[PDB]
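Only one chain comes next, encoded as structure tokens, the form deposited in one PDB entry.
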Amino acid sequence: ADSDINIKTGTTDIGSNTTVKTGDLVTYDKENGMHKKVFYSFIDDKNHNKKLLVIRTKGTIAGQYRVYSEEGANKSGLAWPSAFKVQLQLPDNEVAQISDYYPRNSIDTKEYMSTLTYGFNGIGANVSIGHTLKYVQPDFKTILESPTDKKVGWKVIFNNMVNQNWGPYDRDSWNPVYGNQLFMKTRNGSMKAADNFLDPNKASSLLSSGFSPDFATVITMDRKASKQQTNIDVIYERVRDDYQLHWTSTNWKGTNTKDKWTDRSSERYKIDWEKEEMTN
């Protein structure tokens, strides 16, 4: 990248001959089961025209994948994490601005193949034309929500999943006979409904074992600011969907409702640029 313009590698980078004062802040929200981790670092370069503060948003959001309620032997429910989010807002009153952030949206790709085969038989000369298209489909998509001057956020959504090594079912899939089969253990089952759900081990790890974020947001502040202090708010949250299945006297049918429950864990941090330390 930088070496392609004939500039020596690392010349344009910053942080040289400086003393970065790092730190760490761990919080746990037992009500929502959302481990928090806000590792930061104050990079003060005399060459750079503004101060820096890279905020690492590590942590973990519990999957919370369990049957919330059961109604008899012919009806049951399941709540699973539809999407995890990590928002890092900054009051519009303050003069600090977010400079960069990572990861960011990337351009997809797909391979296209074309075929043209014709043969002869002894003579029924035939012709065949065919084209195939392939691409990768991650189970969860790390989408960077549109950032602005004071707010930056990420989200992880549910792309689709393969059930019992058959079919990439998704939230929008529907089958007139069986309905949505996203987490349906057996089709013509005879077992109790509450225990007719795909085992969490078979499902994706993030659904039950949780999602561990890893995001960065470097925020710069003017060096001649009147007040060297800016509070920041960091928000985690997960969105859960209710997956209902019931027996139609012939086979199980399953339905999924999108964005049923949403729980947000908000924390406020005070940054002291002069002291180069931010406190919980």
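The first residue of the shown sequence is 1; numbering continues from there. C-alpha atoms forming the largest set that superposes within 1.5 Å between two forms make up the rigid core.
The form deposited in another entry is left out here; the points below concern that form.
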### Message
Checking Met184 here: with the core superposed, does its CA move 2 Å or more between the shown form and the other one?
### Response
yes
### Message
Tell me whether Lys260 is among the residues that move between the shown form and the other one (Cα shift of 2 angstroms or more, core superposed).
### Response
no
### Query
Taking the rigid core as the reference frame, is the Cα of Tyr102 displaced by 2 Å or more between the shown form and the other one?
no
### Task
Look at the CA atoms of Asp44 and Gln89: state whether they lie closer or farther apart in that other deposited form than in this form, given a difference of 3 Å or more.
farther
### Query
Your call: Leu182 and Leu207 CA atoms, closer or farther in that other deposited form versus the shown structure, by 3 Å or more?
closer
